[PDB]
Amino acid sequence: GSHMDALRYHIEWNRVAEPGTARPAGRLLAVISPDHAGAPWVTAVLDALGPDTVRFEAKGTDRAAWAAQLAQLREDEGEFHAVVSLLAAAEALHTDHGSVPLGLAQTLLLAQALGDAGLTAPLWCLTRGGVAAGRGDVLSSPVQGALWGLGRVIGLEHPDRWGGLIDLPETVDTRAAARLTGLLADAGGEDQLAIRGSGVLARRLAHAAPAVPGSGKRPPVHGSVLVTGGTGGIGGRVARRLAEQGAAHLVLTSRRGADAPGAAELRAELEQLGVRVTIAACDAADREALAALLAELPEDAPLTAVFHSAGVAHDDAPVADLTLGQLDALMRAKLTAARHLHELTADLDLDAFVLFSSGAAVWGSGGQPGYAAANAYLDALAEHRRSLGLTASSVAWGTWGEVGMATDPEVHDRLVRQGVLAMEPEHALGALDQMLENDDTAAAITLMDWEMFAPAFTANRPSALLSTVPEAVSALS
């Protein structure tokens, strides 16, 4: 029990100091998405930054054009104190890349083009409702949430020219304005912040509360349960667990379906346990196929739970290199699939709606910006669903042993050297069960060697995020 407790961490938000009252001495550069600069918070922030602030309208998604334009701006206007991006407001999906929110595409390209141009002023990315900071806070935009996953990775890959992320409240009044312009003057080493009516909060990682035997909350597993990526490594083990725990009917999907490696053996394993098994070949981002799958479910085994395990991590790239095509392919199974699952089951009163995220989204991982963004959407969607009165749980895995992506010895070796150790499947699944029995909204379930991880993580830049993990503080002291 306590060994599985030790795997579970959550994100919390702690109150930090009120900022100072002077605006930055040097000039700001504000970056605006010209089709998506009407939102009240975008107006309010532009007003806060004041008329001396240089505006750059980021048109389209043209890296080379922006790099040239930013190079000219630097030449003409000189050096800036910071760059303040309002690109998050662009939530609409990119015309050519249907799983990529325009504001996410534009933020990637902005980070690239700033590098290209030699504009080194720290980049701050603003969002409105991209995080749930505080008890009772509503995460109203899970699309903007995805941007925090990307931003953390820009912090790891370009630490010297990264400012951070700030979430604005719903009403940016003079108190909020002053807190923003104060933070831009000096943020006291914080870089993941939320401005709220009550003050400024910052993001923290903490050990989760221990599991409570007799916890209640979780209904018995029964009826039909959909596992996307259910023929995959983690998905297969999850299916077996659900079969052990009394599911009537497991519906496993993946793009290869019944032709997936080892699907025949998985079906036999599950059917031995007395469970009906359906394996469908089905892109999780295909809305029509999902609708058709749901319409077919037995009347005596209604859908009770979704476990969304569909995902790829390959053909990512460093922030400086990543293409929008690569980004799209990483977002597809995550953002587009999870949005379809959310919309199509919202009326079904599920017992569980479980999304498989990653540490890459929770703390960040160099070389994995597209995977981080994709998985950070899932974490955000879960909070968002809770605000609607719907069940959701996002489980941000560390590293799995035995099955799944991380079983390549080269990947495994890199992960161990960063101190994210491989979990035994029974311990990982037991920790997940603890999470679902608590009915927690979001958790990271990971085996950390903090003595390896904290120094690696903070080599080039401090992390306020880890200040609430005593082992991390000890390792760094």
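Don't overthink the numbering: it's just position in the shown sequence, from 1.
In the other compared entries of this protein that model both flanking residues, residue 282 has coordinates in every one, well short of a third left out. Compared with other PDB entries of the same protein, residue 410 is missing from at least a third of those that resolve the residues around it. For the pair 257-265 and 350-358, the mean B factor over Cα atoms is greater in 257-265. Mean CA temperature factor is higher for 207-215 when stretches 88-96 and 207-215 are set side by side in the entry. Going by the entry's values, 244 shows the largest Cα B-factor out of 157, 244, 190, 316. The residue among 448, 49, 436, 37 whose C-alpha carries the highest B-factor in the deposited model is 37.
For residue 181, the recorded CA B-factor ranks within the lowest third of the chain. Only modelled residues enter the ranking. Per the deposited record, the Cα B-factor of residue 240 falls in the middle third when ranked against the other modelled residues of its chain. The entry lists a Cα temperature factor for residue 395 that places it in the lowest third of the chain's modelled residues. Compared with the other modelled residues of the chain, the Cα B-factor recorded for residue 407 ranks in the highest third.
Among the modelled residues of the chain, residue 126 sits in the lowest third by CA temperature factor in this PDB entry.
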